[PDB]
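We just call them A, B, C, D and E in the order they show up, numbering each chain from 1.
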């Protein structure tokens, strides 16, 4: 069922995952459509910042070997120190906003392993499987 | 059964307007412009046909306003002539007796404010009677002062038309028909495409078109509506018609330091061959080409009608006569010597009297005016007449046609009709026998 | 054989598909290479609009799980109401321009299922294949 | 071991490949963060040129069926005329700068086959494997 | 009688009394894709190779 932009924002993370694309589209949006003038360089600046805003994180997903995004798995195990809750305590009983409230503390820390571990090791390995 | 298959890079497009930008080599207003490629590319497209429409081609509109913008920007940093608006004390100039030149200029003098804001200086300058008007020796006034302020064009900047190329941004294509035939709109059997347009010179002129492109095959007649005499007619020639115009006046430039700081270039003295400026046209050539034009006209009005050519309805000098720029000087010529003929049912050379103005108004725009500095020495130049701006005038045989203009978007359109801009849509889908596995 | 930009535009859709890349390159093109001034913000605006113009649709191909574009298959069946012709009547006897002339009527309609169906279902499913 | 931006620049191509991501991140960088004014359109222009600079080549990697970049293989064989050295003479005894010094001569030439061969042939083929 | 020397060459503008002319340390940065290289070699002829970059 089509809910609308951010229509699942007020639901559990499990439920919300159903309709990530409805949001995804408008994360970059597009369209929009005497010189200078007020707004003359503001629509300019804003529309630029939108593009940068998008790609800055998209590239990270490019690095984190997935690309086929919205959702993908890794080979990095979850450290229990990063909010030790059960799946039903998390996915079936918590919104994404509530999630960030806690996990945001380890953002860069988790990014470290995502930015690396697998990306490093998945490769070489393959290069070696190509030996024969 | 067939499935939805996704394709990208599909060679399709829709007619759409975007923001074009220039290119030209490496004077007028062009410097801040991307140099052209040394190898402009093209490709004829076989089996590709579609309609053009020069009468709704918004490339013209952009070009027009862009040229205007350039004009203004080139004047802002130049010297304003605000303090020239004073009472002038003027007298006749005794040209070689008795009087063939009719004077046309006055030996005007006036108390002028100088760099020493305080003590003024009685100075003088030669002005054309087309620039000044009697108040109420006698008192005269610079004509512009009743309408707006006037700015002196810098002596360094020129007005020489420079070939400009237009390019579309990625995702947009420049389409160009190579069909030698064209009614002004409709399908073209032979369509190609280019990176950018050919070099087009921004030549400003009325009535006559100068230094444009040539037509192939026969003379081309293009009009939004031939039958509607509220419209007009574009005529493109096949062969360049030489015109040679001259201003035989080795005059000087008594520049006056009407500062502070900023300098004004007044008119010094006029010496040499005191003859009226004029243009030389090869008469037999004109007659021959005109005939070729009439042939076309015959082909859209009948094999039993009469064609007459006459001058304009009169009125505003800018429309009445042929206006054009040569070397910074602005000429107004009486084209009655050309447009005076007729054709039935089925050296020699021509001299065209011209006048010189120093205060001019661009593109029918009121609210501002520009002062041309006098150009020192004898001025003479030559150009190619490449088309006509004609209008259509007891309607069962004889029809009369006459020169016009005014709207200079006409000039740009006379060239840009060969081009159109479309927006490519890379994404497409189609039915294909394929079921996709995990 | 290298034809040139849009060199296959005047051929059947089957034939044209041979050289989609020759076009693809110049869809974004690149290169190109007293303040303000005319052209001063026009080359700016235009070059920006090119980037947006490109990515706006590229993201759709990102959503429509392919990425390896120019051509890819889906798991959405073709509805016969969308111009019922045979393959030889379509692919071997019609240009892309002629194709759009008809199919353009159902553009957003088809996009609906492309934007969704598979993208929704392909996933979850996988998540379930990862159970063991 | 984290070296830093371009930290492996002064090492053999084999060694340098270890930490390509450390460089990759800052190839686009991001962040950064009376009208006009000097710098007013310079930060603008520069930040734009960064985006273009990036994508212009990224698209090529999009065309060259890899996407999962930093490293990927092809089905194009190496022509011996393109600097005939041994692997130990290349990978274990040469920096990337030294490499370009030579191979730069055949850049566009190699791009020809990369831009094409595989991209052309890998496909069609698949379309044919989808027959059943 | 005397004259302001500038008046024979051009107009002259008064600098605002609020604005100063104190030199302020400026840093220059390159956009992404470009690098700022800096030799630390205490020796330098004005041009040539630097052992320590």
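Heads up, the rule we're going with is that a contact is a pair of C-beta atoms (placed from the backbone, for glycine too) under 8 Å apart; a residue touches a chain by one contact, two chains touch by 3 or more.
Chemist: Based on the averaged CA atom positions, which chain is farthest from chain B?
Modeler: A
Chemist: When all chain pairs are ranked by how many C-beta pairs they have in contact, which pair ranks first?
Modeler: B-C
Chemist: Between chain A and chain B, what's the gap in Å when you average each chain's C-alpha atoms?
Modeler: 57
Chemist: Quick check: how many Å separate the C-alpha centres of chain B and chain E?
Modeler: 46
Chemist: Distance-wise, how many Å sit between the C-alpha centres of chain A and chain C, to the nearest whole number?
Modeler: 25
Chemist: Two or more other chains in contact with one residue: find those residues in chain C.
Modeler: 21, 24, 28, 30, 36, 44-45, 47-48, 51, 67, 69-71, 73
Chemist: What are the residues of chain B that contact at least two other chains?
Modeler: 434-436
Chemist: Which pairs of chains touch each other in this structure?
Modeler: Result for touching pairs of chains: A-C, A-D, B-C, B-D, B-E, C-D, D-E.
Chemist: Hey, which residues of chain E end up touching chain B in the complex?
Modeler: Per the stated touch rule, the residues are 7-11.
Chemist: Flag every residue of chain D that touches chain E in the complex, lowest number first.
Modeler: On the chain D side, the touching residues are 6, 26-30, 46-47, 49-50, 53-54.
Chemist: If we count contacts the way the header does, which residues on chain A are in touch with chain D in the complex?
Modeler: 36, 41, 44-45, 48, 51-52, 55-56, 59, 62-63, 65, 67, 115-116, 119-120, 123, 127, 130
Chemist: Using the touch rule from the top, collect the residues of chain B that touch chain C in their complex.
Modeler: Residues 1-12, 18-22, 29, 32-34, 41, 43, 45-48, 66, 69-70, 73, 77, 168-171, 173, 193, 424-436, 438 of chain B touch chain C in their complex.
Chemist: Across the complex, what residues on chain B touch chain E?
Modeler: Within the complex, chain B touches chain E at residues 115, 259-262.
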